[PDB]
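Engineer: everything below, folded, please.
(8 chains, ligands or ions: 3)
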Amino acid sequence: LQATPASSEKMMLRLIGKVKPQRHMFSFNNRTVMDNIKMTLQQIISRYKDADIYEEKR
Amino acid sequence: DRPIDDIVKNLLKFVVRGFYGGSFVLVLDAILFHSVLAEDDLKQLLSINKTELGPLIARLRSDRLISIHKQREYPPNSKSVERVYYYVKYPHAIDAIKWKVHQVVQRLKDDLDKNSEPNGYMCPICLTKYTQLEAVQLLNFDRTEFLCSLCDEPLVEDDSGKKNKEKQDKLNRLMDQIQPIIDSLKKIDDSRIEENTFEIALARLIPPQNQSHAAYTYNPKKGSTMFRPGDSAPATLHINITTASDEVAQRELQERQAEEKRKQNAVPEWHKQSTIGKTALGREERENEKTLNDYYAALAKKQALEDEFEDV
Amino acid sequence: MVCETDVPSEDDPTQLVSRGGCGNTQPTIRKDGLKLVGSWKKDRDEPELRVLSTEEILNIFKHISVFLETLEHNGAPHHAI
Amino acid sequence: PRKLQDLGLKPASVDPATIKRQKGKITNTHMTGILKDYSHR
Amino acid sequence: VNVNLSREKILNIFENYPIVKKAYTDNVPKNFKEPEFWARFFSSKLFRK
Amino acid sequence: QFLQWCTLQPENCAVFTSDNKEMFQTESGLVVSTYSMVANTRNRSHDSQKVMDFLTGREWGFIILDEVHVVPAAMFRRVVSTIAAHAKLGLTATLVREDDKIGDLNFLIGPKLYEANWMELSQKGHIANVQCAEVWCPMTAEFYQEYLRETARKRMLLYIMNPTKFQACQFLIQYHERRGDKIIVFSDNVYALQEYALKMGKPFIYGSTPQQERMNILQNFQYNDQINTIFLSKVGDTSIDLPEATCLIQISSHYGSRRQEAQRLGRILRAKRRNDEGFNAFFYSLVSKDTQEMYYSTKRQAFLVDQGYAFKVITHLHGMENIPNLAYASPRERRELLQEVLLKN
DNA sequence: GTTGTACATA
DNA sequence: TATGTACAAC
Ligand SMILES: [Mg+2]
Ligand SMILES: [Zn+2]
Ligand SMILES: [Zn+2]
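Structural biologist: Numbering: from 1, shown residues only, chains lettered A, B, ... in the order given. Ligands and ions are numbered 1, 2, ... in the order given. The coordinates are given below.
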């Protein structure tokens, strides 16, 4: 989950697909909404990463 | 979103639809349905020209039901342009509504009080009214009628002696028609409403168009100490299931870790033994189980672009 | 050029005392024609310039602690006003 | 807002005026270019 | 934060809290795997209730 | 550490040092400073004179004197009379000093409340065990011939830079660096410190080093993998926390101070890996054979012996000849060093 | 960068 | 008393 630094005027957010990896990049209008969506997305991606790690365990 | 927003919007909707014309309903509802709305986008939504949108905005801005926000925009294709956005500042609009409602009620109350007082005589020729106290000093020698000081003409008694009941009905009519405003205000006072801003209003934006020229973003200048009037307002949880085999592995890892630490901690040679006489320091069971399994199976058978980014 | 919301205490140094203020940097007011144009010096590069509307000055002067209508009524973009 | 308070009506706003919007000499140089800045942990 | 679980502990959780078992049996084979359920359960308000 | 172990918010904490001098504006706060910034009387800067008045004016409730073995000095004791305080606490590992002023603490801050045995806490895993050693480096004939004729004030610099000590220090550093250890080298002589540092290309800290540089060096030595060892001086002889340090080497030392030896050994007594099985920190003291340094070395360790530490003599370093390169290995280099050092003499 | 002053030891 | 070294200030 790629997010632009808070020190930049842009509010762009990119999701990179796991493998020409699929990239879905969205630009927001308010930082508050951008942060709220980012936190929710991070939970899903992080949880899926843990699930994939467990699957790869065996 | 929140109960507070719904009640405030309803109060704004009621005031506009009742105390304003028709086009005002369209303009304010568009900027209530949406967040901060550009002037160009508003025109496209309502399909009205600038000459028709201007009068609506001006009257709504006078009553502080809509706020304006001007900022410079820098598009790569065209030269820098100034864009105008319209939104609603609930604290301002609600305060304006409360003041106007009180003033309207007070004005009718004052008119009713004034009407109940004795009427003041008026002169027909010069149309200069006179109160009872002022007319009493205009009495003539024969004391028949009040004579105007300027015209020297008899005074005529003024009207409004019969309206004593009409104004009471008018006040009754208003309070009945204005009841929803009072009821909504009571609930608003009970709660506390935060003041909105262009940036804050952008958190609830529903874009009107697909390729709107207005970049609906707030990019304030860096370290700009300039202030305009009315420009501001007041973890991860990772789980690890430990299988019986994993526990055995953990014990093996602990033993290996202990061995690694022990080797690193081995005392040097010179400290192990006391060196005093040395020179100067200078320079197959599987078939057994299978036959049992076959026998037990027989037993069972028998028995059965490049952009800066960071990683989040 | 600053409101000094907090000022050092006279009695004891290195002990700030809160005073009524808003800490807004003041402009370098200059008289352009018949209007007052204020220029602000950003902390961190041309200074910010805007026209001090008489309404803004009237409001400020009223806070200091005995002796056109047709246009603004309808339309009249900010440039016309 | 002040006028509304005078009449006993709670004002849902505030005056904007009330909005309070407010060493060089290095000793050792032979290690230059080797020390990474572990400023924080 | 890493929380270590065990098969014996998992069975104990089911015995002591029948509500946890109810949410486990009806979702583990249908919607998401067991590891996701426990990660969600700890972060939920039920684990706090 | 204060912001870590307790809940005192940063807004209530203020540090009074040569870099920054701002004081907390809260009703009650904390001030952490140094004696040098509180004991000066003659001339104080306009920015620091206000701080002293701020310290003196208020009636403080608690004063903590770290390393209280320096308060009974000629001038430092004035910190007890100027800064009013209801309760005074003194914290020090060694309560000894050469002069008889040690007893002055009785009427200054109070008596001795509690004392803990060094070995008792060592066997309980609270502080790391140490295998102290004293390496005897035989001075070469070329240098020793000048050690006799020269005067006392110039002898110190002469037996501190003997080539054999360089070889011993280099060998020990290489051996422990291969062992994955963090080494600290102490030297009371600044000239020897710089010479050793430049020869081995390792950082050094002493009086002239600015606060920012030394703080950066210490942080790097703690977290940076490349920086395995650092050279310290009398400045870091006490009150510096280096949890990653596990080995200490001495090439120079003050004349006869037993306190300095104990304080230097303290740098490694707090090693992080002080509980893993078989761990043993080290404390090397490189001395010159048949020199006046041996007189002080047997006198400089009279306090550690009392606590229970045992010093053993190392007459030879095994595997030291097989090292590929050693400093001053050829007579040409040794003669050059003798001419270079004698120039300063 | 330098000068006036302590502390710790012969 | 002399001599190193470290420290604060100008
Ligand atoms: Mg300490
Ligand atoms: Zn008349
Ligand atoms: Zn101000």
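Engineer: around ligand 3, pick out the residues from chain C.
Structural biologist: By Cβ under 5 Å from the ion, the part of chain C that sits against ligand 3 consists of C:3, C:21, C:22. Yep, even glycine has a C-beta here, placed from its N, CA and C like the rest.
Engineer: how far away is the residue in chain E that chain F sits nearest to from chain C?
Structural biologist: Of all residues in chain E, residue E:1 sits closest to chain F, at 20.0 Å by Cβ to the nearest Cβ. Counting by Cβ to the nearest Cβ, to the nearest Å, the separation of residue E:1 from chain C is 40 Å.
Engineer: could I get the full set of strands for chain B?
Structural biologist: Secondary structure of chain B by DSSP state E: the strands cover B:37-38, B:67-73, B:81-87, B:238-242, B:310-311.
Engineer: for residue B:297, which of the ones you listed is the nearest?
Structural biologist: Between residue B:297 and the strands of chain B, the shortest gap by Cβ to Cβ is with strand B:238-242, which sits at 33.9 Å.
Engineer: which elements pack onto that closest one?
Structural biologist: On a contact count with 3 or more Cβ pairs under 8 Å, 6 or more residues apart in numbering or on different chains; DSSP states H and E, strand B:238-242 meets helix A:31-57, strand E:2-6, helix E:7-16, helix E:34-43.
Engineer: check contacts around residue B:104.
Structural biologist: Taking Cβ atoms under 8 Å, 6 or more residues apart in numbering or on different chains, we find residue B:104 in contact with B:174, B:178.
Engineer: the closest residue to the residue of chain E closest to chain F other than its chain neighbours: neighbour count?
Structural biologist: Distance criterion Cβ to Cβ, 6 or more residues apart in numbering or on different chains; nearest residue to residue E:1, sequence neighbours excluded, is residue B:237 at 6.0 Å. When neighbours are counted by other Cβ atoms under 10 Å in any protein chain shown, residue B:237 registers 17.
Engineer: how far away is residue B:237 from residue E:14?
Structural biologist: The spacing between residue B:237 and residue E:14, counted by Cβ to Cβ, to the nearest Å, is 20 Å.
Engineer: what residues are up against residue F:182?
Structural biologist: Contacts of residue F:182 by Cβ under 8 Å, 6+ apart are F:221, F:228, F:229, F:242, F:244, F:245, F:246, F:247.
Engineer: which of those residues fall in helices?
Structural biologist: Applying DSSP state H to the contacts of residue F:182, the entries found in helices are residue F:221.
Engineer: buried ones in stretch F:106-114?
Structural biologist: Under the neighbour-count criterion of 16 or more other Cβ atoms under 10 Å in any protein chain shown, stretch F:106-114 has F:108, F:109 buried.
Engineer: what of stretch F:204-224?
Structural biologist: F:204-206, F:209, F:213-214, F:216-222.
Engineer: is DNA strand G within reach of it?
Structural biologist: No: using Cβ under 7 Å from any atom of the strand, stretch F:204-224 never reaches DNA strand G; the gap is at least 8.2 Å.
Engineer: may I see the ChimeraX selection of the buried members of the contacts of residue F:182?
Structural biologist: In ChimeraX, a selection of the buried entries from the contacts of residue F:182 looks like this (16+ other Cβ under 10 Å):
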select /F:221,228,229,242,245,246,247
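Engineer: mind telling me what element residue C:3 is part of?
Structural biologist: Per DSSP states H and E: residue C:3 is located in neither a helix nor a strand.
Engineer: near it, how many other residues are there?
Structural biologist: Other residues lying near residue C:3 total 15 when counted by other Cβ under 10 Å.
Engineer: how close does it get to residue C:60?
Structural biologist: The value you get for residue C:3 to residue C:60, if Cβ to Cβ is used, is 12 Å.
Engineer: same thing with residue B:109?
Structural biologist: Taken as Cβ to Cβ, the span from residue B:109 to residue C:60 is 36 Å.
Engineer: next, count neighbours for residue F:134.
Structural biologist: Using other Cβ under 10 Å, residue F:134 has 19 other residues around it.
Engineer: which ones are touching the residue positioned nearest the centre of chain D?
Structural biologist: Closest to where the C-alpha atoms of chain D average out (Cα atoms, centre = their mean) is residue D:22, at 8.5 Å. Residues in contact with residue D:22, defined by Cβ under 8 Å, 6+ apart, are C:3, C:5, C:21, C:22, C:23, C:24.
Engineer: that one: what secondary structure?
Structural biologist: Three-state assignment for residue D:22 (DSSP: H, G, I helix; E, B strand; the rest coil): coil.
Engineer: now the closest residue to it other than its chain neighbours, what are its backbone angles?
Structural biologist: Take residue D:22 and drop its neighbours on the chain: the residue closest to it by Cβ to Cβ, 6+ apart is residue C:23, 2.3 Å away. Main-chain dihedrals, residue C:23, degrees, to the nearest 10: phi 60, psi 30.
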